[PDB]
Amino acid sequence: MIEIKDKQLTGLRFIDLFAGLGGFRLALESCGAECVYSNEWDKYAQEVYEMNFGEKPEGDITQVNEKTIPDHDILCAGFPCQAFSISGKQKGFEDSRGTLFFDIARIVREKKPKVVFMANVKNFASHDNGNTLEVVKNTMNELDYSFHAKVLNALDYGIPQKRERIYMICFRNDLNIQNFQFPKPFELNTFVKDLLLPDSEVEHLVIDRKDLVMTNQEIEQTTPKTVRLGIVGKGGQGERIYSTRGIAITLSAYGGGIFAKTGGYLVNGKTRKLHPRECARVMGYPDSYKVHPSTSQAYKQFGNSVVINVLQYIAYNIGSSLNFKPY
């Protein structure tokens, strides 16, 4: 994550729904905002959350009375995406884990925050011929909020990861906000290898399969893109080796393959998956962040989390707009 000297969000209080690791909290807190409520039902995520913020999020949101939610200016939510990802069986709202957005809708209806900050996967914008995004636009417009939506790639904001996500920002109409903009991308000067840990600490992650087929030459010069070098087995998800000289592929939460949830990388002549901490760095988390003791769970948590840096630039721009109030 980045350091922020002008706390555009000072004095403002927010809600951390579908918290997970608390990526949103880190981002809004670095801008001066105050977290007044957090919600996350996964036992393990809850443990990491406490392990890093002292508190334990509330259980199943679908069964929490919105009236209960503390007043807040900004509502943060990176709701479930298994139901909309390019990787899943796109059952959208028909999927049990696909209706959570409507829970946000009722939270908003009751609490009417000044801003609604949401995030989901890219395939979300086009899912079901775009009808899914439309339901969210109209549902938000019908609650009387503007709807600013856009897809950004982390590689465009200082983090070497091809993670492309859609960010939805909603302001309450009454407060006429018309200068809000998404962060302009800027050159990527950081690559996978710049974030790796010393070999002595990742020896155990080294994999060595006889079906390893290097199909491409290691790259000398760095690029702001993922560059496949080889493959293992059939080369499906988690069976592809990439260059640490390029950027990292999208981390996943339920992903499989020998290099499950992180992908394979070629480091000093060896083939291995990323270390939970390297994942953290890939997601923009400060090394001071305590990861969960269970690696499988840690990989999962970082897998469906958010890139703090990106979240920061948006959060900063949310404050810039909220603060511009001339006479």
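Each residue number is its position in the shown sequence, starting from 1.
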Q: Tell me which of 64-72 and 288-296 has the higher mean C-alpha B-factor in the deposited entry.
A: 64-72
Q: Look up the CA B-factors in the entry and say which stretch, 23-31 or 55-63, has the higher mean.
A: 55-63
Q) Which of these, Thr190, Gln82, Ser252, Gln161, has its C-alpha atom at the highest B-factor, as the entry lists it? A) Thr190
**Q.** Per the PDB entry, maximal CA B factor within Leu100, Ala77, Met214, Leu152
**A.** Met214
Q) Which third of the chain holds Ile166 when residues are ordered by C-alpha B factor: lowest, middle or highest? A) lowest
**Q.** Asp156 by Cα B-factor - lowest, middle or highest third of the modelled chain
**A.** lowest
(Q) By the recorded C-alpha temperature factor, relative to the other modelled residues in its chain, which third is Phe93 in? (A) highest
Q) Taking the entry's C-alpha B-factors for this chain, is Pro113 in the lowest, middle or highest third? A) highest
Q. What third of the chain, by the recorded C-alpha B-factor, contains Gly230?
A. highest
